[PDB]
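For reference, the structure discussed in these notes is given below.
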Amino acid sequence: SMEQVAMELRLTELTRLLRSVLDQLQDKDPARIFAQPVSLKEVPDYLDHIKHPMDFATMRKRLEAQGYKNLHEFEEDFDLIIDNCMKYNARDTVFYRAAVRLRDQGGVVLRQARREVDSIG
């Protein structure tokens, strides 16, 4: 139908906007701490600690499958990256500190994305 197409165009344009958001967020992680899944070869007990792992590569796969229906879902995944790290790692670690900086800096990017999504429908 024409409505299904129009809806698919909306999802495509959301995907385009989320792709730019994701690039902007990932620039706030220049050390690449959150680029890839925590290795279960190198942290074999990780899933005993963290029940829903997340990372930027995993978000990118979902994005490119148009797997985010709205900004809330995308933000949920970004928040998992930060929150998982802040639980697994202690406060006095480069990992925890990198998460805090990503959260603080990403907040700005996400504040305007919310406005752009409400604005452009």
Side-chain angles (χ1 to χ4, degrees), residues 1-2 4-6 8 11-15 17-40 42-60 62-68 70-110 112-119 121:
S1 66
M2 215 20 262
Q4 293 296 330
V5 167
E8 293 158 5
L11 180 65
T12 296
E13 282 308 292
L14 177 65
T15 303
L17 183 157
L18 298 179
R19 192 179 303 110
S20 166
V21 177
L22 181 65
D23 292 345
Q24 277 174 79
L25 292 174
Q26 191 149 25
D27 288 338
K28 308 315 181 153
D29 172 33
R32 293 193 76 82
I33 290 165
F34 308 103
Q36 289 295 327
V38 170
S39 168
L40 306 173
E42 299 163 10
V43 190
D45 75 350
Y46 188 66
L47 298 189
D48 293 345
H49 293 271
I50 295 299
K51 298 295 166 190
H52 297 97
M54 194 44 56
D55 64 274
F56 289 130
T58 301
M59 293 188 61
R60 201 171 290 284
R62 180 166 168 195
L63 179 68
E64 291 310 333
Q66 304 188 346
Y68 294 111
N70 55 57
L71 184 59
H72 178 75
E73 290 185 347
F74 178 95
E75 291 172 299
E76 276 194 337
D77 272 354
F78 178 62
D79 282 345
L80 273 174
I81 295 177
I82 297 310
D83 291 339
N84 286 346
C85 182
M86 293 173 71
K87 294 167 193 70
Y88 189 81
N89 305 104
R91 219 155 33 249
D92 81 322
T93 63
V94 63
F95 305 104
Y96 185 112
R97 292 171 169 284
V100 166
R101 290 162 65 79
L102 182 57
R103 190 196 59 192
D104 285 354
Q105 294 197 274
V108 176
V109 171
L110 293 173
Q112 205 48 48
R114 164 53 59 202
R115 293 190 71 82
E116 288 180 297
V117 159
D118 290 4
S119 188

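Every heavy atom of this structure was used, including side-chain atoms; hydrogens, water molecules and symmetry mates were not. The first residue in the sequence is number 1, and the count goes up from there.
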Report the distance from atom [atom1] of [X] to atom [atom2] of [Y], rounding to the nearest 0.5 Å.
X	Y	atom1	atom2	value
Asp77	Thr58	CG	OG1	8.5 Å
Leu17	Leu22	CG	CG	11.5 Å
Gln36	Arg60	CD	CZ	10.5 Å
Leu71	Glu76	CG	CD	10.5 Å
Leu80	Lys51	CG	NZ	14.0 Å

Would you say the side chain of [Y] lies within less than 4.5 Å of the side chain of [X], judging by non-hydrogen atoms?
X	Y	value
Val38	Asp55	no
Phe74	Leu14	no
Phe34	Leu25	no
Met2	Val5	yes

Problem set entry | All ring-ring contact (aromatic ring centres under 6.0 Å, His included) counterparts of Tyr88, not counting sequence neighbours |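 ring-ring contact (aromatic ring centres under 6.0 Å, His included) list for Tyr88, sorted by chain: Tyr46, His49.
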Problem set entry | Residues that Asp27 engages under salt bridge (charged side-chain N to carboxylate O under 4.0 Å, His left out), provided they are two or more places apart |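 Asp27: no salt bridge (charged side-chain N to carboxylate O under 4.0 Å, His left out) contacts found.
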Problem set entry | salt bridge (charged side-chain N to carboxylate O under 4.0 Å, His left out) partners of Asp29, counting only residues at least two apart |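 By the salt bridge (charged side-chain N to carboxylate O under 4.0 Å, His left out) rule, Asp29 matches no residue at all.
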Exercise. Taking it one step at a time, do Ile82 and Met86 satisfy side-chain contact (heavy atoms from CB on, under 4.5 Å)?
Worked result: CA-CA 6 Å; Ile82 297 310; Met86 293 173 71; 3.6 Å; yes
For this session: Please report the C-alpha distance between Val109 and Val21 in whole Å, then the side-chain angles of each, then the deciding distance to 0.1 Å, and finally whether the side-chain contact (heavy atoms from CB on, under 4.5 Å) criterion is met.
Result: CA-CA 7 Å; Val109 171; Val21 177; 4.1 Å; yes
Test item: [X] side-chain N/O and [Y] main-chain N/O as donor-acceptor pair under 3.5 Å:
X	Y	result
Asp45	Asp48	no
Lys87	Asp83	yes
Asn70	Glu73	yes

For this session: Tell me, with the steps shown, if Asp23 and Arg19 meet salt bridge (charged side-chain N to carboxylate O under 4.0 Å, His left out).
Result: CA-CA 6 Å; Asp23 292 345; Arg19 192 179 303 110; over 6 Å; no
For this session: Let me see the working for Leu18 and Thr15 under side-chain contact (heavy atoms from CB on, under 4.5 Å), right down to the final yes or no.
Result: CA-CA 5 Å; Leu18 298 179; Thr15 303; 5.7 Å; no
Problem set entry | Worked verdict on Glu8 versus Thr12 for side-chain hydrogen bond (donor to acceptor under 3.5 Å, both in side chains) | CA-CA 6 Å; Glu8 293 158 5; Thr12 296; over 6 Å; no
Mind listing the closest non-hydrogen atom pair of [X] and [Y] along with its distance?
X	Y	answer
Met59	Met54	CG-SD, 3.8 Å
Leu11	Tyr68	CD1-O, 3.5 Å
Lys28	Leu102	CB-CD1, 3.8 Å

Problem set entry | CZ (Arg103) with more than 12 external heavy atoms under 6.0 Å |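 Result for CZ/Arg103: enclosed.
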